[PDB]
Amino acid sequence: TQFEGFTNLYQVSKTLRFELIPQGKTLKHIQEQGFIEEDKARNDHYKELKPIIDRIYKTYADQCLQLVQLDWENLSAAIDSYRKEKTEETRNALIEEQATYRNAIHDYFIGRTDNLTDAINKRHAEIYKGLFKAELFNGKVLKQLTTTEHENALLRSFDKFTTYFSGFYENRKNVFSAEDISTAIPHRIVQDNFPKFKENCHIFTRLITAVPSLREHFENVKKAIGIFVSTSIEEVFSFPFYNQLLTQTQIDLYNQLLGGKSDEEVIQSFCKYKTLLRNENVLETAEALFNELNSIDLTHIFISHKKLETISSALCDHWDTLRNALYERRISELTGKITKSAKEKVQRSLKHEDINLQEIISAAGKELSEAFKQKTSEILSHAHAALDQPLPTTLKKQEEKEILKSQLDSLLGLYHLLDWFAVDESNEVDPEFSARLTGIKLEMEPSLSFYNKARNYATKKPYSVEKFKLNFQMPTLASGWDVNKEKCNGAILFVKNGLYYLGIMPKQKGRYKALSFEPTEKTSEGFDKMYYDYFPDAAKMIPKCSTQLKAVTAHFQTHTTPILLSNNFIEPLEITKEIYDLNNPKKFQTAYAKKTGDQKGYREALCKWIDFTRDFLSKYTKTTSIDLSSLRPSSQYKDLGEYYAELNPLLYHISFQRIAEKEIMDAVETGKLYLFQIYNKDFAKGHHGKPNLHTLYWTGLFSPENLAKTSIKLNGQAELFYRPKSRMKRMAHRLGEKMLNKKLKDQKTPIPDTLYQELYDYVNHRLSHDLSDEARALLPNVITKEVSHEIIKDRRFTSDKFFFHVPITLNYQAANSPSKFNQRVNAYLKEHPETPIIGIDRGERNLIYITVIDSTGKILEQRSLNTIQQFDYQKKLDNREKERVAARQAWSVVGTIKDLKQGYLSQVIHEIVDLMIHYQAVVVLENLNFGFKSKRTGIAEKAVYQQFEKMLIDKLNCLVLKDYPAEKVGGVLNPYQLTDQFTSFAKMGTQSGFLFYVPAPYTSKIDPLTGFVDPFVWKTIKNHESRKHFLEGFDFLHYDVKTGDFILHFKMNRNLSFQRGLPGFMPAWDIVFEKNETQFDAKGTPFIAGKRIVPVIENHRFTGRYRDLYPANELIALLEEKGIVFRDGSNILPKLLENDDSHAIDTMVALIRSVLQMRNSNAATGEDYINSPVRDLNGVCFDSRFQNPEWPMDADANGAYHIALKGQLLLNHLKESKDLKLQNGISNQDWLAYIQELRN
RNA sequence: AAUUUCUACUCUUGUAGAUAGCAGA
DNA sequence: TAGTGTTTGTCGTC
DNA sequence: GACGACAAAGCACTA
């Protein structure tokens, strides 16, 4: 097995896109015939027909729901039993019962069953079949069910073109399917409305039994309105009536028995919805509801469990406090011997149940009520102060955009507040409160959608990428390149002087007309035309044209002699009866031999069948020319799989023949041919440099090597698109103006966005104002250029453009899908223990950081990827963008940041693949399922980086390096295939081919010399008793006079209540308060050893500002003040406890806080070092400021190193494992135990 | 500030990387 | 009594 | 029992 052998394993399909430039006067001919305008109208017709078909989509659904008659007694009993006993058996019984009822409704739409009489059951299938076919426009489906003339004229607009609704058919299948999917009609009937209707019947009978006078009163309300005249009030609250509550008109009548593109568009619509909130007085109603909570019974006001953690973080210290406070109070009221099983039951109960507001107050204290009152009035005042604040006149200025966002934040804040309360009727909700809350709520739901629509408008770009597909009045345009379908499709390609041209033949005067392109000698100058020959598949096309056609099937049925085929045959073929009988556990198939076992009959029949196929190919009118003599005789063919896989590549072929330029130019001159040059900036006159990957795929497809031996196949079903211009604001660099580079003299540090505009205006002498102080300072550093030629901003969308989306297939000689790809990778890895690793982590001072390690674990190379292609993406560019978002906090700045991150990550995968191929390594990412990263990290968690991993998997599916020759492995003809096909984020686990995913947590805050981690969670120390109990668990803390350090011995079998439950290896540790000394690094720079950056400034705000702190110096100073003598080397902790100085104990613990903190960062001073608190086996505490290459350089370096180290643990278990499998993730304790043992 | 277009850019009338489209969210 | 402008074929997995 | 990929086979229109 070789690493270069990971190619040609499965087919990968990519569709290239190009721009079509009209040649000669083909644009004039198109405009004269009005093809673009007609196709533009077809786009509008397709969109205007979107609800018309959806309307004729209800008719059928409404008609099918009118005949539904079911007995809902069984469904009610399954609902009652699940509410009665909360066991998993009654849940699965209800899930199956619901699925049975959903299918009962589905059988009315398309039953294909025996429950409904076929007279009716089969009639629905004839409609549902062509509900996703042409029938829609035939009027046939409407003939089964009245169309108006304009609607009839709209249906015929898609005659011979109903494939335009291809994707729309899928969107309508997503509406039915009769699954638990909420989008479906059966689900809405069974699982949404019936539990509501079933509850209505129970509410009815309880009221009528207690207050019988309410019966005649309800009956009078029904009679006074006029609804359900043939049904009494008791029957509408009985199960049989629900069958007549399945259509909207009946649902509306039932509910009424109960109830009785532009800038100013966002201002007019919002102000219309905004002024509607005053008339409804939703603020006054909301302010009155939250004021009711001061006196009403709070044991029936429930908080949703999905919001409890969010509320805890908004009203308390952490997200933990509420869930923990409820946990302690519930453990406080358990019965008998409180086992650890009873505690876990209380934990699991708090995850998925709604807590009433009273139990929260009784468990958290009176300080939550003050937080609840203050937060409620704060949100209500902001929403009240925003409804009366008028919107601006326009959105031209950013100051006017800010007030629009500010008022939307207040509206979304109130909308967020209302979603705190549980909506489900499973809880005993208050009568009046739940009704008034659900009312103002139903009203605030479009705010969220409206808010999202508004934010996207600000994020939107001034372009209009919207486009429509050009058909040229052909439903099969560019649907196939075969020469025999020249007229049928009318799309061919030309190559001339390295420039690729597309030629489409229009219907000449409304009729098909072939062009007699005469093959001219190659010497004469002219275009080269593609001759495309293709036989789709031997398995499906051969029987269709030879033994399964209408002629021979009927002939063999009514006549028992072989028949001769003459049409589409050079020499007549004598198809005989037996081979058709074989094709009538099919015969000559693997199943037949597996079951029957007639091996002798198999080999003879297959020999005749294979010979018959070989007989067919040499006799067919188009397959006779291809040289099939390379095929082996039928005696040594095992089965059809190997034979068809061998026969298929021989059929497909592309050849080029020169066509004289005079014919092509005259064809364009008269208008018979439309010439479109393919253009992707790699065919420009001034082009110089390595081209795009898509250009190489296009260039490599037509290379002489590929034509002789196919590895890139030109797939059919190509598409043409036309994009209208979007010239609304043209910016240009006119001649005589002075360009300004976005980078300084070093062409690596970008100018801030705000400063760049001011400098650019001053350079051109256009700014009326004066430059800032920092603008003057940065002025000499910028570089200016004169405009030699005009550069048009966004020139792509200035004018109208054509497009050509063409699909190609790479690795055409491989299988359709990979077959156990991970087994192949694991096989290579097992035989190659020396395969290096590549660990990638998201640092804070570095966007993406890399570290490669070998089998033994030494760091071969570690690099920071924030500087790609001589440009700084983090140290300068992302910092300025983050500065702007912290200054303005607008929507445009957020959109630019997300686009930059995705663009930066595109550059990263090139660095990864270039690094990986050079080392022949395996790259280990981190799975997003486990853990999270802080806000200080440069990439948002599970939002952009999750898509980053998708790109890396997809890129390595068909990895092609653009500096490589095509013939060797890794080129365009033989791409690398190192990853399995991506299916979903959930399905990918710990391996995706040559990619590994190890748990993120417990990777970057570890000493790389001892494997030590901070074993104490500091949230368990709050009071003096906790501090003293924590401090008394240690063994001994003493001054070493020889070295000047403090050795704080600790045994992991102590302070369990303050620990994190991960002992790991090394049951004892020696925390060292390193003596501060001006140590020198490799470069000789001075740095003080043991320096720690502590952010603790206030009890509530623990990261107000970073503060310098020296654990050794401060603790010596603290002990001197207390009068403690410690130079004798005696233990210090017992003497600390006996004096019982509250301030000294707090300082004692706070210093242990600092020393156990390894990752010390300071953005202002540029320090991101990591310092070990414990000594290694050599006896030296790790300090990353030493800049030793063999160990991580900075804090971000440590994380990428251990992700690669976590990759070793996966492979180390892989090598020793007998099976070719991997563990379903790495336990945090198991990883800690492994690393702590290895570093020793 | 020039792109099948996405990001960044301007020694180079263009550079470096990415780029599986259509339809529907 | 024909030019010409939707149907069918499956092999393996799934 | 359920998916496909592009051709050549059919199949209805007027003639």
# chains A, B, ... in the order shown; residues from 1 in each chain; ligands from 1
>>> closest_atom_pairs(of="chain D", to="chain A", cutoff="12 Å", atoms="only C-alpha atoms (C1' of nucleotides)", output="tab-separated table")
residue	atom	partner	partner_atom	distance
D:4	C1'	A:816	CA	11.1
D:5	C1'	A:536	CA	7.2
D:6	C1'	A:536	CA	5.4
D:7	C1'	A:536	CA	5.8
D:8	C1'	A:545	CA	7.5
D:9	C1'	A:545	CA	7.3
D:10	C1'	A:550	CA	9.0
>>> select_by_dssp(residues="range 55-86 of chain A", states="alpha helix (DSSP H)", output="number ranges by chain")
A: 55-66, 73-84
>>> write_last_selection(atoms="N, CA, C and O atoms", output="mmCIF file, in the first residue's frame")
data_model
loop_
_atom_site.group_PDB
_atom_site.id
_atom_site.type_symbol
_atom_site.label_atom_id
_atom_site.label_comp_id
_atom_site.auth_asym_id
_atom_site.auth_seq_id
_atom_site.Cartn_x
_atom_site.Cartn_y
_atom_site.Cartn_z
ATOM 1 N N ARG A 55 -52.532 26.504 -5.128
ATOM 2 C CA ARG A 55 -53.979 26.568 -4.955
ATOM 3 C C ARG A 55 -54.648 25.308 -5.490
ATOM 4 O O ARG A 55 -55.591 24.793 -4.880
ATOM 5 N N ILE A 56 -54.248 24.814 -6.665
ATOM 6 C CA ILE A 56 -54.912 23.604 -7.247
ATOM 7 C C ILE A 56 -54.320 22.397 -6.521
ATOM 8 O O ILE A 56 -54.520 21.257 -6.966
ATOM 9 N N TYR A 57 -53.582 22.662 -5.450
ATOM 10 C CA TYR A 57 -52.902 21.566 -4.729
ATOM 11 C C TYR A 57 -53.722 21.346 -3.483
ATOM 12 O O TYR A 57 -53.701 20.260 -2.891
ATOM 13 N N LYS A 58 -54.411 22.405 -3.099
ATOM 14 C CA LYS A 58 -55.312 22.253 -1.941
ATOM 15 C C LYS A 58 -56.581 21.599 -2.462
ATOM 16 O O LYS A 58 -57.096 20.688 -1.804
ATOM 17 N N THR A 59 -57.010 21.997 -3.659
ATOM 18 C CA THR A 59 -58.283 21.380 -4.018
ATOM 19 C C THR A 59 -58.239 19.872 -3.813
ATOM 20 O O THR A 59 -59.136 19.296 -3.185
ATOM 21 N N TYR A 60 -57.199 19.213 -4.332
ATOM 22 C CA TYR A 60 -57.116 17.760 -4.218
ATOM 23 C C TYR A 60 -57.002 17.321 -2.765
ATOM 24 O O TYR A 60 -57.645 16.350 -2.350
ATOM 25 N N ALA A 61 -56.186 18.022 -1.972
ATOM 26 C CA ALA A 61 -56.064 17.675 -0.559
ATOM 27 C C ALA A 61 -57.376 17.911 0.176
ATOM 28 O O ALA A 61 -57.794 17.083 0.994
ATOM 29 N N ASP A 62 -58.044 19.032 -0.107
ATOM 30 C CA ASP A 62 -59.322 19.308 0.540
ATOM 31 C C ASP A 62 -60.368 18.270 0.152
ATOM 32 O O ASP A 62 -61.155 17.829 0.995
ATOM 33 N N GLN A 63 -60.380 17.858 -1.119
ATOM 34 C CA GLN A 63 -61.348 16.857 -1.560
ATOM 35 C C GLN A 63 -61.096 15.508 -0.896
ATOM 36 O O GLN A 63 -62.046 14.811 -0.520
ATOM 37 N N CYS A 64 -59.826 15.127 -0.737
ATOM 38 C CA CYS A 64 -59.515 13.850 -0.099
ATOM 39 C C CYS A 64 -59.856 13.860 1.385
ATOM 40 O O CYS A 64 -60.239 12.821 1.936
ATOM 41 N N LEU A 65 -59.724 15.008 2.048
ATOM 42 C CA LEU A 65 -60.028 15.097 3.469
ATOM 43 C C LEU A 65 -61.521 15.144 3.759
ATOM 44 O O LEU A 65 -61.913 15.005 4.922
ATOM 45 N N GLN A 66 -62.366 15.331 2.741
ATOM 46 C CA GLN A 66 -63.805 15.378 2.976
ATOM 47 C C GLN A 66 -64.397 13.990 3.189
ATOM 48 O O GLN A 66 -65.445 13.862 3.833
ATOM 49 N N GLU A 73 -61.080 6.436 18.810
ATOM 50 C CA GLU A 73 -61.090 5.942 20.184
ATOM 51 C C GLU A 73 -59.757 5.299 20.554
ATOM 52 O O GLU A 73 -59.288 5.443 21.690
ATOM 53 N N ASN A 74 -59.133 4.590 19.612
ATOM 54 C CA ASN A 74 -57.856 3.945 19.901
ATOM 55 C C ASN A 74 -56.757 4.976 20.132
ATOM 56 O O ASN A 74 -55.910 4.799 21.014
ATOM 57 N N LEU A 75 -56.755 6.055 19.348
ATOM 58 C CA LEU A 75 -55.745 7.093 19.522
ATOM 59 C C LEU A 75 -55.901 7.793 20.867
ATOM 60 O O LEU A 75 -54.905 8.135 21.515
ATOM 61 N N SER A 76 -57.144 8.007 21.307
ATOM 62 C CA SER A 76 -57.369 8.642 22.601
ATOM 63 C C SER A 76 -56.858 7.770 23.739
ATOM 64 O O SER A 76 -56.295 8.279 24.717
ATOM 65 N N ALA A 77 -57.044 6.452 23.633
ATOM 66 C CA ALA A 77 -56.599 5.558 24.697
ATOM 67 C C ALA A 77 -55.078 5.525 24.790
ATOM 68 O O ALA A 77 -54.521 5.403 25.887
ATOM 69 N N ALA A 78 -54.390 5.622 23.650
ATOM 70 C CA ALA A 78 -52.932 5.664 23.668
ATOM 71 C C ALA A 78 -52.417 6.973 24.255
ATOM 72 O O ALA A 78 -51.364 6.990 24.902
ATOM 73 N N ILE A 79 -53.140 8.073 24.036
ATOM 74 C CA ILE A 79 -52.766 9.341 24.654
ATOM 75 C C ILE A 79 -52.994 9.286 26.159
ATOM 76 O O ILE A 79 -52.163 9.758 26.946
ATOM 77 N N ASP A 80 -54.118 8.701 26.585
ATOM 78 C CA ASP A 80 -54.414 8.604 28.011
ATOM 79 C C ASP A 80 -53.395 7.731 28.733
ATOM 80 O O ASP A 80 -52.942 8.073 29.832
ATOM 81 N N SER A 81 -53.022 6.598 28.129
ATOM 82 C CA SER A 81 -52.092 5.686 28.786
ATOM 83 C C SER A 81 -50.704 6.296 28.935
ATOM 84 O O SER A 81 -50.013 6.020 29.922
ATOM 85 N N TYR A 82 -50.279 7.125 27.979
ATOM 86 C CA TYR A 82 -48.966 7.753 28.093
ATOM 87 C C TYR A 82 -48.971 8.843 29.161
ATOM 88 O O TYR A 82 -47.987 9.003 29.892
ATOM 89 N N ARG A 83 -50.065 9.601 29.262
ATOM 90 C CA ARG A 83 -50.184 10.574 30.342
ATOM 91 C C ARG A 83 -50.378 9.890 31.690
ATOM 92 O O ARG A 83 -49.984 10.439 32.726
ATOM 93 N N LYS A 84 -50.980 8.701 31.695
ATOM 94 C CA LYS A 84 -51.193 7.940 32.920
ATOM 95 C C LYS A 84 -49.862 7.406 33.440
ATOM 96 O O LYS A 84 -49.381 7.841 34.491
#
>>> residues_around(residues="residue 16 in chain B", least_positions_apart="4", cutoff="12 Å", atoms="only C-alpha atoms (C1' of nucleotides)", output="MDAnalysis selection string")
(chainID A and resid 689:692 868:871 903:904 906:908 910:911) or (chainID B and resid 7:10)
>>> interface_residues(of="chain C", to="chain A", cutoff="10 Å", atoms="only C-alpha atoms (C1' of nucleotides)", output="mmCIF file with C-alpha atoms (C1' of nucleotides), in the first residue's frame")
data_model
loop_
_atom_site.group_PDB
_atom_site.id
_atom_site.type_symbol
_atom_site.label_atom_id
_atom_site.label_comp_id
_atom_site.auth_asym_id
_atom_site.auth_seq_id
_atom_site.Cartn_x
_atom_site.Cartn_y
_atom_site.Cartn_z
ATOM 1 C "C1'" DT C 4 -41.104 15.519 -36.278
ATOM 2 C "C1'" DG C 5 -41.168 17.413 -31.500
ATOM 3 C "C1'" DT C 6 -42.095 11.429 -23.782
ATOM 4 C "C1'" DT C 8 -37.684 2.962 -20.903
ATOM 5 C "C1'" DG C 9 -33.638 0.413 -19.600
ATOM 6 C "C1'" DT C 10 -31.551 -1.559 -15.464
ATOM 7 C "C1'" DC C 11 -26.988 -2.963 -12.603
ATOM 8 C "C1'" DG C 12 -25.559 -2.871 -7.663
ATOM 9 C "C1'" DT C 13 -26.642 -1.040 -3.126
#
>>> closest_atom_pairs(of="chain B", to="chain A", cutoff="7 Å", atoms="only C-alpha atoms (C1' of nucleotides)", output="CSV")
residue,atom,partner,partner_atom,distance
B:1,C1',A:793,CA,5.5
B:2,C1',A:791,CA,4.6
B:4,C1',A:18,CA,4.0
B:6,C1',A:903,CA,6.7
B:7,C1',A:903,CA,3.7
B:13,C1',A:686,CA,6.2
B:14,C1',A:687,CA,6.8
B:16,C1',A:869,CA,6.3
B:17,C1',A:907,CA,4.9
B:18,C1',A:906,CA,5.0
B:20,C1',A:14,CA,5.1
B:21,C1',A:15,CA,5.9
B:23,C1',A:167,CA,4.3
B:24,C1',A:171,CA,6.2
>>> residues_around(residues="residue 598 in chain A", least_positions_apart="6", cutoff="12 Å", atoms="only C-alpha atoms (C1' of nucleotides)", output="JSON, numbers by chain")
{"A": [587, 588, 589, 590, 591, 592, 604, 605]}
>>> write_last_selection(atoms="N, CA and C atoms", output="mmCIF file, in the first residue's frame")
data_model
loop_
_atom_site.group_PDB
_atom_site.id
_atom_site.type_symbol
_atom_site.label_atom_id
_atom_site.label_comp_id
_atom_site.auth_asym_id
_atom_site.auth_seq_id
_atom_site.Cartn_x
_atom_site.Cartn_y
_atom_site.Cartn_z
ATOM 1 N N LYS A 587 -32.527 -14.665 -13.760
ATOM 2 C CA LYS A 587 -31.551 -15.590 -14.306
ATOM 3 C C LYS A 587 -30.288 -14.837 -14.728
ATOM 4 N N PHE A 588 -29.223 -15.607 -14.965
ATOM 5 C CA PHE A 588 -27.872 -15.117 -15.240
ATOM 6 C C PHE A 588 -27.466 -13.985 -14.299
ATOM 7 N N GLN A 589 -27.994 -13.998 -13.078
ATOM 8 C CA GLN A 589 -27.658 -13.011 -12.066
ATOM 9 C C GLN A 589 -27.175 -13.739 -10.819
ATOM 10 N N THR A 590 -26.394 -13.024 -10.002
ATOM 11 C CA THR A 590 -25.735 -13.637 -8.852
ATOM 12 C C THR A 590 -26.730 -14.347 -7.942
ATOM 13 N N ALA A 591 -27.951 -13.818 -7.840
ATOM 14 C CA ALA A 591 -28.962 -14.447 -6.996
ATOM 15 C C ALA A 591 -29.335 -15.831 -7.513
ATOM 16 N N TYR A 592 -29.445 -15.986 -8.835
ATOM 17 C CA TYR A 592 -29.869 -17.265 -9.398
ATOM 18 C C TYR A 592 -28.866 -18.370 -9.084
ATOM 19 N N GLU A 604 -22.777 -21.767 -18.980
ATOM 20 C CA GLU A 604 -23.203 -21.837 -20.375
ATOM 21 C C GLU A 604 -24.136 -20.686 -20.733
ATOM 22 N N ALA A 605 -25.123 -20.404 -19.879
ATOM 23 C CA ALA A 605 -26.060 -19.322 -20.173
ATOM 24 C C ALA A 605 -25.357 -17.970 -20.196
#
